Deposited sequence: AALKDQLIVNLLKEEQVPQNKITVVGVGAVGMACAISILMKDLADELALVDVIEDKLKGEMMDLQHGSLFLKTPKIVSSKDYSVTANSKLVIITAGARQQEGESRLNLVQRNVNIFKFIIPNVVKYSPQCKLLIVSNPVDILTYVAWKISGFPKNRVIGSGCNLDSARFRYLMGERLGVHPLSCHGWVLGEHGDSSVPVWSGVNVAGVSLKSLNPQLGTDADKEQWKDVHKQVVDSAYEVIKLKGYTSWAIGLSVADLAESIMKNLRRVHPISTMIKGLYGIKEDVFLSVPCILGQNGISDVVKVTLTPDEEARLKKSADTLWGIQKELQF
């Protein structure tokens, strides 16, 4: 053979930094291209239930291999293809229509997770689970209960995107890059999210100390419209292009980088909140977490104003109202 004329084999194949993306819809493929372009993995595996679509997506990424540093890209409906993953990203399930809450996807997606989650853990016992499908906070709780994994290893993309949207809008109003505009959107990745105005700052300068009316209806510059734009973002983009993909793709690759490179950066992501802010139930929602190689190792206790804390508890209550009725 030509290969044997050209190459003398001297050694008789396990990946060290494998990532799996489950679900090849627009979200899944945006996560895949973003991870591929951040050189986070030595192996990328894709999984879906639509055979042709799955093979087409895999081939299209494979054909870009010359321009990447991920030497193996594979796919299958069979979960054996996901074996030995360090990180498994779940982007499978129904997505919200225009005028539909992420909360309305819960029954369809819990039922899908009942199949996906045990199959993922069967082949990747050392992985961290990164939940992206909606409603993310409830689905992170669901994946945790199903997986048998400790809670540090089951992470929801949560408010990492809401916070990036908030920082972009703030940056645009101020003429400062989003990197230098600090601001946290916490709670549900959805309608009941909480903008933490008390912590909004540039170079440690509290914007609320300069303008006490910040984020209230009495604010002359209406900064509450910034949070409203954050809440409405997915709806607005869905109305315009039919779905969202790029921003969530980059937000998930951001979380994947902190995990794969054990950075211990702080992210507002879905985790168990029981024990904080008087929350007594197994509610999962976004709070700033330290994220690394073992997932969520620590939770930051944000000092919230009385109104911010009440809003966060109201967000926990909304999530509990849906979660408490789940059968799985």
query: Ranges missing from the model, given as deposited sequence positions; finding: 1, 14-15
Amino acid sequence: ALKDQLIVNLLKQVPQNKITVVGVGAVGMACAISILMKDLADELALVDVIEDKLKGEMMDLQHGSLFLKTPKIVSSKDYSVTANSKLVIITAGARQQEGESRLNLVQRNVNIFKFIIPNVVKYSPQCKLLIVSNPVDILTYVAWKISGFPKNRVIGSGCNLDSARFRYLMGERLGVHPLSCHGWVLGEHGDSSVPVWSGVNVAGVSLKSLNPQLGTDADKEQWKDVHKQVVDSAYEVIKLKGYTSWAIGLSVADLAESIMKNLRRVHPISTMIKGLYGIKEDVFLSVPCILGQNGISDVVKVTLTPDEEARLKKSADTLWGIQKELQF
From here on, numbers count along this sequence of modelled residues.
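Rigid core here is just the name for the largest C-alpha set that superposes within 1.5 Å across the two forms.
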{"query": "Larger mean CA deviation from the shown form in 9 other deposited structures of this protein [core fit; 100-108 vs 247-255]", "finding": "100-108"}
{"query": "Farther-lying stretch by C-alpha RMS in 9 other deposited structures of this protein (rigid core fit) among 71-79, 91-99", "finding": "91-99"}
{"query": "Which of 125-133 and 240-248 has higher mean CA B factor, as the PDB entry lists it", "finding": "240-248"}
{"query": "Higher-scoring stretch by recorded Cα B factor average, 275-283 or 32-40", "finding": "275-283"}
{"query": "Candidate residues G187, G156, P212, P71, the one whose C-alpha B factor the record puts highest", "finding": "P212"}
{"query": "Entry-reported Cα temperature factor of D48, expressed as the chain third it lands in", "finding": "middle"}
{"query": "Relative C-alpha B-factor of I259, binned into the chain's lowest, middle or highest third", "finding": "lowest"}
{"query": "Among modelled residues of the same chain, the CA temperature factor third for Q96", "finding": "highest"}
{"query": "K114 by Cα B-factor - lowest, middle or highest third of the modelled chain", "finding": "highest"}
{"query": "Relative C-alpha B-factor of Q293, binned into the chain's lowest, middle or highest third", "finding": "middle"}
